[PDB]
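Input: a single structure, listed below in structure tokens.
Computed from the coordinates by the stated procedures, all read-outs in this text should not be read as laboratory data. Please note: Cβ atoms are built from the backbone with ideal geometry, for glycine as well, and neighbour counts cover all protein chains shown.
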Amino acid sequence: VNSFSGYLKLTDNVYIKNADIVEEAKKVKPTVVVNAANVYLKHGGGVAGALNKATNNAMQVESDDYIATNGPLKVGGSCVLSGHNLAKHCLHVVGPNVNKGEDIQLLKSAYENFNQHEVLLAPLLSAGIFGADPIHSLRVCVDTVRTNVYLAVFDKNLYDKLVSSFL
Ligand SMILES: O=C(O)Cc1noc2ccccc12
């Protein structure tokens, strides 16, 4: 038994809810929140801009130190940093950005990072401002992630569409 409430169960391990991921993290304080990061950890908008704003820019300060030491992530890769006031940890995961012409096949690699964590609160990777088809992102999530994932869909009509079209 964990602290997540109100989710629709899609599979043995994947759950979904229409939610603002910033408000859900603040309420639950999960072990792991996933950020929809870019390779530079520049948290300007979408999930990253919203998560970073909720940390009063502390996420960006920590991220800039990480990049100054390590250089950029890979598309499909991740790093674990502080969750600040939102979570114990933040798993910054880079899905491909369709708008940058990045290979959609890297979405599966991105979701494989979730398997290193028993339970996660997450967005649909490459959805929203990343430009991928969110229905595809949910299919890759279900077919890739084996650990327990609680998905936060920001858009209502998208949430209702994801549910109603789920195989
Ligand atoms: O609903 C999401 O979580 C991201 C998203 N994916 O696609 C959308 C379209 C409009 C607004 C938001 C979105």
Touching a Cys at 6+ places or on another chain (Cβ under 7 Å), closer than 22 Å to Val28 by Cβ, in a helix (DSSP H, G or I) and within 16 Å of the ligand (Cβ to nearest atom): which single residue out of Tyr111, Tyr159 fits that description? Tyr111
Can you name the residue in segment 30-51 that is assigned to a loop (DSSP other than H, G, I, E, B) and free of Cβ contacts under 8 Å to residues at least 24 places away in the same chain and is also surrounded by the fewest Cβ atoms within 10 Å (Cβ to Cβ) among such residues? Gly44
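Output the number of residues of segment 63-101 satisfying the condition of being charged (D, E, K, R), under 18 Å from the mean Cα position of the chain (by Cα) and either outside any loop (DSSP other than H, G, I, E, B) or over 24 Å from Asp20 (Cα atoms) (or both). Full working, then the answer.
The initial filter retains those residues of segment 63-101 that are charged (D, E, K, R), namely 64-65, 74, 88, 100.
With under 18 Å from the mean Cα position of the chain (by Cα) added as a condition, the list becomes 74, 88.
Right, trim to either outside any loop (DSSP other than H, G, I, E, B) or over 24 Å from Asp20 (Cα atoms) (or both) and you get 74.
Qualifying residue count for the region: 1.
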Condition first: of a type in the set (S, T, N, Q) and either within 13 Å of the chain's Cα centre (by Cα) or assigned to a helix (DSSP H, G or I) (or both). Now tell me which residues in segment 138-147 satisfy that. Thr144
Looking at this structure, is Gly128 of a type in the set (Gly, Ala, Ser) and touching a residue at least 40 places away in the same chain (Cβ under 8 Å)? yes
All-but-one check, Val80 against (1) in contact with a strand residue (DSSP E or B) (Cβ under 9 Å, 6 or more places away or on another chain); (2) closer than 26 Å to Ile135 by Cβ; (3) β-branched (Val, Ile, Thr), failing number (2)
Residues of segment 114-137 being more than 9 Å from the ligand (Cβ to nearest atom), under 22 Å from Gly49 (Cβ atoms) and not in a loop (DSSP other than H, G, I, E, B), in sequence order, are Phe114, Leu120, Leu121, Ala122
Would a scan of segment 136-159 turn up a residue that is exposed (fewer than 15 other Cβ atoms within 10 Å of the Cβ) and of a type in the set (A, V, I, L, M)? no
